[PDB]
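Visitor: Coordinates in entry_39.cif, mmCIF, C-alpha atoms, are listed below.
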data_coords
#
loop_
_atom_site.group_PDB
_atom_site.id
_atom_site.type_symbol
_atom_site.label_atom_id
_atom_site.label_comp_id
_atom_site.auth_asym_id
_atom_site.auth_seq_id
_atom_site.Cartn_x
_atom_site.Cartn_y
_atom_site.Cartn_z
ATOM 1 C CA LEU A 1 -17.439 10.324 -7.678
ATOM 2 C CA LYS A 2 -18.533 6.728 -7.092
ATOM 3 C CA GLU A 3 -18.727 4.985 -10.467
ATOM 4 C CA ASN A 4 -18.368 1.456 -11.842
ATOM 5 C CA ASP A 5 -14.738 2.078 -12.788
ATOM 6 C CA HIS A 6 -12.898 4.567 -10.575
ATOM 7 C CA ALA A 7 -14.465 3.062 -7.454
ATOM 8 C CA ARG A 8 -13.107 -0.403 -8.239
ATOM 9 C CA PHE A 9 -9.658 1.022 -8.977
ATOM 10 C CA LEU A 10 -9.663 2.769 -5.598
ATOM 11 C CA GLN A 11 -10.787 -0.315 -3.677
ATOM 12 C CA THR A 12 -7.669 -1.977 -5.084
ATOM 13 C CA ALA A 13 -5.062 0.638 -4.178
ATOM 14 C CA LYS A 14 -6.527 0.617 -0.667
ATOM 15 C CA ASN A 15 -6.820 -3.164 -0.368
ATOM 16 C CA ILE A 16 -3.102 -3.230 -1.170
ATOM 17 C CA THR A 17 -1.866 -0.934 1.597
ATOM 18 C CA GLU A 18 -4.656 -2.226 3.835
ATOM 19 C CA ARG A 19 -3.724 -5.901 3.529
ATOM 20 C CA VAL A 20 -0.072 -5.156 4.292
ATOM 21 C CA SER A 21 -0.840 -3.097 7.395
ATOM 22 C CA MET A 22 -3.001 -5.851 8.883
ATOM 23 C CA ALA A 23 -0.252 -8.397 8.228
ATOM 24 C CA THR A 24 2.657 -6.343 9.565
ATOM 25 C CA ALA A 25 0.523 -5.361 12.555
ATOM 26 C CA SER A 26 0.211 -9.000 13.617
ATOM 27 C CA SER A 27 3.915 -9.663 13.067
ATOM 28 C CA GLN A 28 4.482 -6.782 15.484
ATOM 29 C CA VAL A 29 6.825 -4.882 13.168
ATOM 30 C CA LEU A 30 5.202 -1.460 12.822
ATOM 31 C CA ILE A 31 6.761 0.320 15.800
ATOM 32 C CA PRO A 32 10.115 2.028 16.491
ATOM 33 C CA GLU A 33 12.888 0.531 18.620
ATOM 34 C CA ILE A 34 16.342 0.240 17.057
ATOM 35 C CA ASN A 35 16.085 -0.742 13.391
ATOM 36 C CA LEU A 36 12.438 -1.722 12.927
ATOM 37 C CA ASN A 37 11.177 1.639 11.669
ATOM 38 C CA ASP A 38 13.479 1.476 8.646
ATOM 39 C CA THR A 39 12.032 -1.971 7.950
ATOM 40 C CA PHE A 40 8.345 -1.092 8.255
ATOM 41 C CA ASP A 41 8.852 2.080 6.220
ATOM 42 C CA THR A 42 10.680 0.447 3.313
ATOM 43 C CA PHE A 43 8.002 -2.246 3.511
ATOM 44 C CA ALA A 44 4.876 -0.115 3.127
ATOM 45 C CA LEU A 45 6.619 2.223 0.683
ATOM 46 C CA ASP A 46 7.333 -0.561 -1.808
ATOM 47 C CA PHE A 47 3.692 -1.635 -1.549
ATOM 48 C CA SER A 48 2.419 1.866 -2.317
ATOM 49 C CA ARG A 49 4.568 1.949 -5.455
ATOM 50 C CA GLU A 50 2.557 -0.993 -6.786
ATOM 51 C CA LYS A 51 -0.709 0.702 -5.824
ATOM 52 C CA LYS A 52 0.022 3.773 -7.948
ATOM 53 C CA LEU A 53 1.027 1.721 -10.989
ATOM 54 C CA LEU A 54 -2.392 0.089 -10.639
ATOM 55 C CA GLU A 55 -4.533 3.136 -9.863
ATOM 56 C CA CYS A 56 -2.919 5.681 -12.184
ATOM 57 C CA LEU A 57 -0.222 5.507 -14.862
ATOM 58 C CA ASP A 58 3.506 6.180 -14.525
ATOM 59 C CA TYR A 59 6.724 6.510 -16.524
ATOM 60 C CA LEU A 60 9.340 4.264 -14.919
#
Kindly present the structure from the file in structure tokens form.
Guide:
Amino acid sequence: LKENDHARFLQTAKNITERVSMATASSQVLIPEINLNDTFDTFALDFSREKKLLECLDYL
């Protein structure tokens, strides 16, 4: 369903988690080792939270 509303909203949610991945990738902090996984995870996660609030609605 590619429209002039939903499509734009999607491009955003993706551009959010897509921009972070590219950044972290360069920093070289997206692989396991000792305590990096916990960092990358908590990193992307937080980002996603913002994506949802943008794409769809939420309570908290």
Visitor: Could you list, as a list in words, every residue within 10 Å of region 35-43 of chain A, counting all atoms listed in the file and ignoring same-chain residues fewer than 3 positions away?
Guide: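 Residues meeting the cut-off are residues 20, 21, 24, 25, 28, 29, 30, 31, 32, 46, 47 and 48 of chain A.
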Visitor: Distance CA of residue 7 (chain A)-CA of residue 54 (chain A), one decimal place?
Guide: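 Straight-line distance from CA of residue 7 (chain A) to CA of residue 54 (chain A) works out to 12.8 Å.
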Visitor: So the first atom is CA of residue 53 (chain A) and the second is CA of residue 11 (chain A); what is the distance between them in Å, to one decimal place?
Guide: 14.0 Å
Visitor: I need the output of the PyMOL selection byres ((chain A and resi 12) around 12) for this file as a PDB file with C-alpha atoms, in the coordinates of the input; which residues are they?
Guide:
ATOM      1  CA  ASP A   5     -14.738   2.078 -12.788  1.00  0.00           C
ATOM      2  CA  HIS A   6     -12.898   4.567 -10.575  1.00  0.00           C
ATOM      3  CA  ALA A   7     -14.465   3.062  -7.454  1.00  0.00           C
ATOM      4  CA  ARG A   8     -13.107  -0.403  -8.239  1.00  0.00           C
ATOM      5  CA  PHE A   9      -9.658   1.022  -8.977  1.00  0.00           C
ATOM      6  CA  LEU A  10      -9.663   2.769  -5.598  1.00  0.00           C
ATOM      7  CA  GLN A  11     -10.787  -0.315  -3.677  1.00  0.00           C
ATOM      8  CA  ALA A  13      -5.062   0.638  -4.178  1.00  0.00           C
ATOM      9  CA  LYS A  14      -6.527   0.617  -0.667  1.00  0.00           C
ATOM     10  CA  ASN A  15      -6.820  -3.164  -0.368  1.00  0.00           C
ATOM     11  CA  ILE A  16      -3.102  -3.230  -1.170  1.00  0.00           C
ATOM     12  CA  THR A  17      -1.866  -0.934   1.597  1.00  0.00           C
ATOM     13  CA  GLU A  18      -4.656  -2.226   3.835  1.00  0.00           C
ATOM     14  CA  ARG A  19      -3.724  -5.901   3.529  1.00  0.00           C
ATOM     15  CA  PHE A  47       3.692  -1.635  -1.549  1.00  0.00           C
ATOM     16  CA  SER A  48       2.419   1.866  -2.317  1.00  0.00           C
ATOM     17  CA  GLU A  50       2.557  -0.993  -6.786  1.00  0.00           C
ATOM     18  CA  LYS A  51      -0.709   0.702  -5.824  1.00  0.00           C
ATOM     19  CA  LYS A  52       0.022   3.773  -7.948  1.00  0.00           C
ATOM     20  CA  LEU A  53       1.027   1.721 -10.989  1.00  0.00           C
ATOM     21  CA  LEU A  54      -2.392   0.089 -10.639  1.00  0.00           C
ATOM     22  CA  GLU A  55      -4.533   3.136  -9.863  1.00  0.00           C
ATOM     23  CA  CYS A  56      -2.919   5.681 -12.184  1.00  0.00           C
TER      24      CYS A  56
END
Visitor: To test the calculation: enclose all listed atoms of region 30-33 of chain A in a box whose edges run along x, y and z, add 8 Å on each side, then state centre and edge lengths in Å to one decimal, as JSON.
Guide:
{"center_x": 9.0, "center_y": 0.3, "center_z": 15.7, "size_x": 23.7, "size_y": 19.5, "size_z": 21.8}
